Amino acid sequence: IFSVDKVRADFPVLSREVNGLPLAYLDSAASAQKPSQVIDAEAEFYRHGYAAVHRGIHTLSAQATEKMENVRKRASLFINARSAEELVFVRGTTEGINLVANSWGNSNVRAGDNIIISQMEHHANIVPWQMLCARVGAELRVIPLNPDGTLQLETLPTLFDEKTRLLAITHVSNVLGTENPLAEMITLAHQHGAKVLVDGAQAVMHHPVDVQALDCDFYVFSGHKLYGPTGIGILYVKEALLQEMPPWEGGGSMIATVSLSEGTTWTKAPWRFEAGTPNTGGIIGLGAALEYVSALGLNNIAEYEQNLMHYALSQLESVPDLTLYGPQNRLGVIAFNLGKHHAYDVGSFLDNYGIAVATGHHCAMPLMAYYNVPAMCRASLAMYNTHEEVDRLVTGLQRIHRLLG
C-alpha cells in the first residue's frame, strides 16, 4: 500500500507557507515538486563527483560518464525500450518534439503530405508541426474533440490517407486528463505507413508506460514533471528510425571527424543527437527521480491518485455553478470554471488561501477555443496530495462563489 504521509515527508517544499497560510500545491501538471532524494543526488554529484563527460580519460570524467549512461539505461528500462541506445537526452518534451520535427520531419514529409495532430494538443505538440508544414508545404490535420473531452475517433477515416506521414498525439491531456487509446490509434496509423510520435509528458508519472507494447515510433516526456530536475527530458525513437535520422544540433560530441577541407562526419545514434556538454546535473537528478518513482511503484501511485481523484470529483459535486471539463475517468488534473467568474480571479482567491492551482490556457489555446472559453482553472492531484487539500479546494470554491456571486 501507499502511505502519502511518508511520501510527503520526502518533499521539503510541501512544508512551505504561502501568504501566511500552509501551501496546498495543486499544480504538479505544470511542474512537479522534487524529493530531497532527487535534490541531494544532483547536489552530491556536484559536491563530490563533478567532471566533464565523454571526452577525457581521468577518473572523475570516466566515473561521471558511467553515471550518465547508466541513467540512459535506467530510463530505457523505465519506459521498456528495447535498447538504451534508443533514448536521446533533450531539454524536455518541447525540444524532443522539435528535434523529431526537424531531423525526421524535414526528410520524410514532402509537399502535399499531411500530418495529423489533435485539437487537445499542448503547444509543444502543435507549433513544431506547423513550422514543419510551412517549411515543406504539407497540411496539418486535426482530430476534433467531443464535448466530454475525448477524441472524435470516427473522423480518422477522413484524416488518414496514403499521404499521411505522421500522427502526433498526446498520451494524456495536460488539461482534461483524457487518456487516448494509443495502442489502437498506432495500429491504424501504421496500416497507412505513418509513424506516431506520442507526447507522454503527462503520462509517465501516473502509471507504467511500455513503448514496445504501444509500438510508438517516438515518445517524449520531461524530467521536471516526473518529480525531477528542470532542463532534462527523454526522447525515445525506434532503433531503425533513429539510425536513419540526420543530426539536428551540430557541434562537439556528435562528430566522428571535423575537417575544414573535407567536411564533417557524424557519430552513431543516440550520441549524434546530443551536441555540446550535456546537462549532467539534470541527468543525475532525472536518474534519482526514476529511482524514487520506481521505489514507490507506479501501480501504487496510480491507485492512490485514482482514489484521490474520485474523492475530489465526489466532493466538488457540492460546489455551486462549478463547470468541469473533460471525461469522468480523467487522470491527474481537474479542469474547471466557477460560474461566470474568470479563472484568473478564481485562481487569485485560491492562491490567497494558499492553494496553488493553474489558470489560463495551459498552452492549449485550441482546446480553450473548442470549449468557447478563454481560460480555465486546473487543479492537479498528484501522489503527494491529500484529502485534506481537496477539502480546502472545495471550501475555497464555495467561499469564492458566496463572496463573488
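Numbers for residues come from their place in the sequence shown, where the first is 1.
Relative to its counterpart among 74-82 and 308-316, 308-316 has the higher mean temperature factor, C-alpha atoms as listed in the PDB entry. Across the two stretches, 106-114 and 199-207, the PDB entry reports the greater mean Cα temperature factor for 106-114. In this structure the maximum Cα B-factor among 360, 49, 366, 56 is found at 56. The residue among 172, 333, 142, 138 whose C-alpha atom has the highest B-factor in the PDB entry is 138. For residue 374, the recorded CA temperature factor ranks within the middle third of the chain's modelled residues. Remark: residue 22 belongs to the highest third of its chain, ranked by C-alpha B-factor as recorded. The entry lists a Cα temperature factor for residue 394 that places it in the highest third of the chain's modelled residues.
In the deposited entry, the Cα temperature factor of residue 288 places it in the lowest third of its chain's modelled residues.
In this PDB entry, the Cα temperature factor of residue 275 sits in the bottom third of its chain's modelled residues, the lowest group.
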